[PDB]
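**Student:** Can you read through this structure? Questions will come right after.
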């Protein structure tokens, strides 16, 4: 079989055992990745800790140059990498190539953002007259070794957004991609290998959850854990971290609040795009519509018609709706569809499943007593919940355990800003669908949606600490 | 006569000659102020330069405590000071007392804003690998001696907004109030004297323009000139400054852009307040209305009626419209009223003048061919100019030589933000009248309206320089 | 007995059970504090969550005014409060009064630091051409309810440093002081009650660890846990926090690195002050001396003599060395003294204990094989460890599990900066003893010494989150 | 003759008249440049003002890409450009090639520094309770058209340090290089032409001072004047600017303060390098040594010997000492040498001049009564002034009208920081020669040495203004 290797301490290494990966859309084998042992994980960390001092000793300019080369290589092989990424996670080909390009953009931006690292000088005389000759020279420093873990829906992009910001500051990296998406993660590692970064500064890890899952997080060598995935695992990682710093991006149930003075055509278009992108397999996606009753009927018809125009099919054909990641996922989405349909909701598009390919579906008349009103599906299913007041919309929205982002469709901005202050989310989009949009902007979530503030600049601050040197002037 | 003295080097001093001040509303004598000689100005500067080093040597906390005491004293004597300020510049009594309270607020805020002064530490390795062991410790420093000159409409408030920000940073002060308003300026000086600031750090100057006007600005001892007054004088000061730093707040012809979807009642109320406050004797005041033709008639009627509700009379009665500062001013405003009325404009309120008291007047159908469409009157007269497109409104607005602030009345914010980017002004108020409002916000003007960015924080940065100390780590 | 009450939802409340507090120096009863039940804790949290929205709705200026009043009241009653604080934790009277004054200073500073809260505006066109009309308006927001827990050595000061920074931002407070020091904590609460803050925004909690210890931390109502205490408890709190934000200040074993070119008299004086203050019961205190062999003998003699000049006795007499907090503590310190003495170290001052009062002791010839070389004693005992190179000093220092602060005594600054970059600590003092010194400066620790960056400004950033509003310009 | 053209509005243009340029070292003709008329200057400005709006409308990312291409082209042709620059200003070949490379570094750095432009959001409730619902969205904006004028000693480097920072922010450029160095300036223009920037955004100007000198500065189309040259011209430009913003880097007389505990070998080496680089034709260069008497004799001998090792000759041979820019310059330097020698100073190296090539000379026993002690020579001549106290050194130093930078050679840093606070300069180098070193660091001068703060980041802030949009939340 086409056997892939891990990049450890400047060497490509196979393990005694391996894991075979198949294509979610065809079932065809793509190749295999190593199934690491805890001893092999120990070697990755030892190598990283060994290389850190010399990496930190380099100038910012040299570290940025390395990252810039990685990005150039990725741009060169985007079609090559995109081809395999498309097949591994059943993502449309064009979209798969876009993820690689966006990974290059974030890597370049983090390189330049991080080389403009600066500290501050504080005055003792600001707080006390007797300490006026005392000043504090404060400079930023890396936290050490960072463990970065990416998700299946963006195995390459949501890896680079952790790796580049960590490396430019002087930290070393141990990268753990998702098993379903590990081949693409190893393809990303090749660019780092070709760029020539010193041995041990960048390493990869692959294996089975029951063998190295808790082990990679609990390890004393790890100084920071940056992760994107499920809420359950995220909660667990937070506890296993102890008092060590973390960054987590978990679930979402983004709501789109639609007022009576909204532009319904623009609203309909943005909701369709945000809700069905990648078959609904996104954390930042419109997952519930809270619309004022007086404009509900009209909005639902626009959305209904647009759903019927979506393409359904294979990754190679660039279909809007592709097969879901695995059988277990489709089974879950199916169970939510049954609950709503059996409880009274009105399905405005046909319920159909062939293999793991679920056709897009719009559900009207959804009530807070239904599972679909609160649970994150991660499938092509959108619920419409009608309200009679903006106050009610705010209550239902904040009632959720999630708080990633929110959309407000209205022509009254001062009012939209007021509502936005009340919503328990990280980001609020006015007259636009939710999105991580513009990686320079802050990205965070409230309640169970996460911990820590992302976005290039914020990721760098998060994965660095401070060093204060105090002395008296004579 | 009640003879006032200047505060110089910890002493109250009279001059051989004096200037008598009268009340603009009654003509009654208020007292007299010294008419300084150039030699006396030389002594003020010599004293200030002598005291600067020891003042700079104090801690930030000690300098803030002094300023806080000045503010407490002003609050104690607000009725006392307000009484005389009301009579000196013909400002309503209540309003006169408000200026003193606002002066105390700015003094306290500048004290606390300035004690939180901090520098930065820069990395050599950001720009060049070879310089990675080189860092730069950058701290703020005062510019030296600051010459502060206040205006007649706010002789105390627009003095403190220069003095406090300058003093907290470590600069010394030479304060020159307007001749008509010098008594109030000397009343402000008493608080500084009672607070006990060291001799020479704060001093006052009074005299005749033809004797010390250019002299006080051209003097080599002066390191910064902070001024508020007329555009002509401002231009002249900029030239006399040479290459020395300055801060100027000059004229204005603020426009209120009214779109077809605006709330006309709110628009009418804000325009009336902004245009007639203190009889129009303000730089930041609505001085021209650019309204879309379709809503013009309705807006003009609301404004017409509100003008008729304004009170007209004496300062002691807290009238909205009080007598103008002097005869020359009323004569000028009168000439602008004749030009417009003789050229065809439609006066919607009677033209009346008794002494230097001009009744408020609204002019409809004003064209760009009239003087009133461009010239700053500084009197109770408001011109209405009708337009047929937002593009035309933007052209007429930017056509002016002034660029202080602007108002936009509309319910479309994204569009308002777009228009705002096109307007050549410092500040744009959406659905509200222009104003220096909130002294923490930046205050500046484009084109002929000024030089430098004001507002507490920005005033401190402006009146300070930087000191960079570079060394290599071993 | 003199029975104290908790301040809950604007009311003073007793519990069914109580805890009697005695004076560590005399054994005399001071009074009693409530022993809360889990239901009573539920009421405190419910009240706080209920009052938060209206508290957040107030302007920054109003919240600062409240805090300023609290500080003024504390200053008024400093002797009154200091008298009892001195007796409760066996701290010298004058020093006890100083803690109250410093608490007032931090409360006032946090009020003014927090009202100058500002956000940022980011450009979409910085990252992508297609997003140039998109901007992000980012403003700070409170995290919700903050649980503040203070230590016994600074029950009032290290309470206010958490409370004020939390309150000014818009968060509500639940304050849990140490049981031994709960009376002083309740005396601090009286100032908050007299200042008139709304019911529910500030509340206190007192009780037994085995009844409400884990309960107060695990509670879902709590959004942030700010704590100062032991490393063991700190680790536990971090785990119980889950993925919720925290702030921890734990143990320390600060080292004083002394080079051959150091000024030995200044070094000796600073080491004596830092090591014996409050009988060694401080986290930021010189706890081990790593001196170059060639200057060791001379330094040890200076330190020896200075130890003999320290006063020993009762709190009311302002003695340098007062009785330790409790019997268990003295027993522990005693065990460390025996280990070192039995293993070969050279005691240069007599070993004596009467009650819980341990006389100050200096130990020379300490080796890394002794407990005293690594364990935090929290008693008047100082170990001297000789080295032969700066490289050895750095290895021994970083070998510790703690990393709060460090001192370097030398006349070569460029070299001191280089060493400082290698030390695994938060703050490095050059030619001065360690200290939290100047509460505006950052205060943090590495490894097991803590989590999060303190200092007024940093405490405010830590206990706040961000809210991003994104929209497109037209 | 090899006739060069100006780049105007996307076209290369000749003028009716021209100016022939010769090589300062050989007298051989290099070619010719246009001698523009005032009408031709009018066309450059009209074209620039016409192109500005569309340039400002592009995204930051697009403007940075353009600048990055300019830098890549310069790197490609460095030998080509360096060859001619070496001959035009008589600069060593290798050094001439270094200037081009450094120009590329600054252009790339300014591109990335400028795309990370961000504003701030301010709270109304910080200053007043009644204004809590009012916020200010503040974003940066370009000033318009920038006139950049470079010097002869760095015609290309000190052009790019103005151009790149101006262009990335959205301003348009009109570049005026020195006549002696205009060919190299036009070679720099070719890179901008090849990079394909829109017509009118970048333009060049060449001509005679008596024809377009005041004209280019006084022109109303110009919004900012950025200049590097002589103090006399700089003063004049400041006055001609009126109240428009400026940036000036003028003369210098940098002093090297040498204390008794200094490392004399390191001191000697740094002084030689700083004083004789490019034959002393630098603003930031050690121009006077203020050494404590007790170590003077030893330092002077080291310096004496090192001067004798300097190479003297032609640009093509990479000599340390090359011929001076013109005859008038050599004549001036000669006059300073005579004054000192005739007044009693001790010349420790021979006085020799052949053509415009003056051999390097060291003058000991210089007194404040000699011209060489205060006047900027711009030639290979270094004066040694002995002092008896640090206080005296500080007085003599600050006595100068110049205040660019300063060096302090000592092993006592706390003391060096104290002295640095007293020195009236922009930058102070501890144990190193003066230099613009690291273009990310701030670069400014006190007194007659300039106006405005340079350095990449500071240059961008200087050539931009602010736009404040204020509105109320509902």
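Protein chains in written order, with the deposited numbering: chain D, 2 to 475; chain A, 2 to 475; chain C, 2 to 475; chain B, 2 to 475. We put the beta carbon where it would ideally sit given N, CA and C, even for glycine.
(1) So with CB distances below 9 Å, who are the chain C contacts of residue 144(B)?
(2) Could you compute how far the alpha carbon of residue 1(C) sits from the alpha carbon of residue 276(C)?
(3) Could you give the first and the last residue of the continuous alpha helix (DSSP H) run that contains residue 117(B)?
(4) My output table needs one value for residue 69(C): the three-state DSSP class, helix, strand or coil.
(5) Helix, strand or coil for residue 272(D) per DSSP?
(6) Can a CB atom of chain B be found closer than 8 Å to the CB of residue 366(A)?
(7) When the Cα of residue 261(D) is compared with those of 71(D), 409(D), 135(D) and 133(D), which residue comes out closest?
(8) Would you check if the segment 130-141 of chain D and the segment 89-99 of chain D touch, i.e. whether three or more CB-CB distances between them fall below 8 Å?
(9) Closer than 7 Å by beta-carbon distance: list the chain C residues that pair up with residue 84(B), in chain order.
(10) Measuring CA to CA, which of 465(D), 361(D) and 446(D) is closest to residue 467(C)?
(11) Could you name the residues of the same chain whose beta carbon sits closer than 6 Å to that of residue 190(B), not counting the 5 residues immediately before and after it, in chain order?
(12) Are the segment 59-69 of chain A and the segment 110-128 of chain A touching by the rule of at least three beta carbon pairs closer than 8 Å?
(13) Find the residues of chain A that neighbour residue 114(C), judging by a C-beta separation of less than 8 Å, and give them in chain order.
(14) Can you list the beta strand (DSSP E) stretches of 3 or more residues lying completely in the segment 367-411 of chain C, in chain order?
(15) In terms of residues, what are the limits of the alpha helix (DSSP H) holding residue 158(D)?
(16) Please give the ranges of any beta strand (DSSP E) in the segment 305-341 of chain D, keeping only runs that are unbroken, at least 3 residues long and fully inside the region.
(17) At least one CB of chain D closer than 8 Å to the CB of residue 244(C): is that the case?
(18) In angstroms with no decimal places, state the Cα-to-Cα distance between residue 77(C) and residue 138(D).
(19) Under 8 Å between the Cβ atoms of residue 223(A) and residue 146(A)?
(20) Could you confirm whether any beta carbon from chain B is found closer than 8 Å to the beta carbon of residue 416(C)?
(21) Over the uninterrupted beta strand (DSSP E) stretch that includes residue 38(D), give me the two end residues.
(22) Under 8 Å: do the segment 288-295 of chain B and the segment 366-386 of chain B share three or more Cβ pairs, one atom per stretch?
(23) In its own chain, which residues sit with a C-beta less than 6 Å from the C-beta of residue 430(D), not counting the 5 before and 5 after it?
(24) Check distances from the C-beta atoms of the segment 51-65 of chain B to those of chain C and list, in chain order, the residues that come in under 7 Å.
(25) When Cβ atoms are compared, which residues of the segment 118-132 of chain A fall closer than 9 Å to chain D?
(26) Determine which residues share a DSSP beta bridge with residue 12(C) and list them.
(27) Please report the straight-line C-alpha distance between residue 176(A) and residue 437(B), rounded to a whole angstrom.
(28) Would you say residue 140(C) lies against chain B (beta-carbon separation less than 8 Å)?
(29) With a floor of 4 residues, list each alpha helix (DSSP H) that falls wholly inside the segment 230-292 of chain A, ordered by position along the chain.
(30) Identify, in the order they occur along the chain, each residue of the same chain with its Cβ nearer than 7 Å to the Cβ of residue 98(D), setting aside the five sequence neighbours on each side.
(31) Which chain B residues sit within Cβ distance under 7 Å of residue 68(A)?
**Tutor:** Let's see:
(1) Those do not exist, as residue 144(B) stays about 18 Å from chain C at its closest Cβ, beyond 9 Å.
(2) Past the boundaries of the shown model lies residue 1(C); chain C is included only from 2 to 475, so the question cannot be answered.
(3) Per DSSP, residue 117(B) belongs to no alpha helix (DSSP H) and is neither H nor E.
(4) helix
(5) helix
(6) no
(7) 409(D)
(8) no
(9) Correct list: empty, because the minimum Cβ distance to chain C is about 38 Å.
(10) 446(D)
(11) 8 and 205
(12) yes
(13) 117
(14) 382-388 and 406-410
(15) 158-170
(16) none
(17) yes
(18) 36 Å
(19) yes
(20) no
(21) Run containing residue 38(D): none; DSSP gives neither H nor E here.
(22) yes
(23) 408
(24) 60, 61, 62 and 63
(25) 118, 119, 120, 121, 122, 123, 124, 125, 126, 127, 128, 129, 130, 131 and 132
(26) 9(C)
(27) 38 Å
(28) yes
(29) 232-242 and 265-277
(30) 79, 80 and 83
(31) The contacting residues do not exist; residue 68(A) stays about 16 Å from chain B at best.
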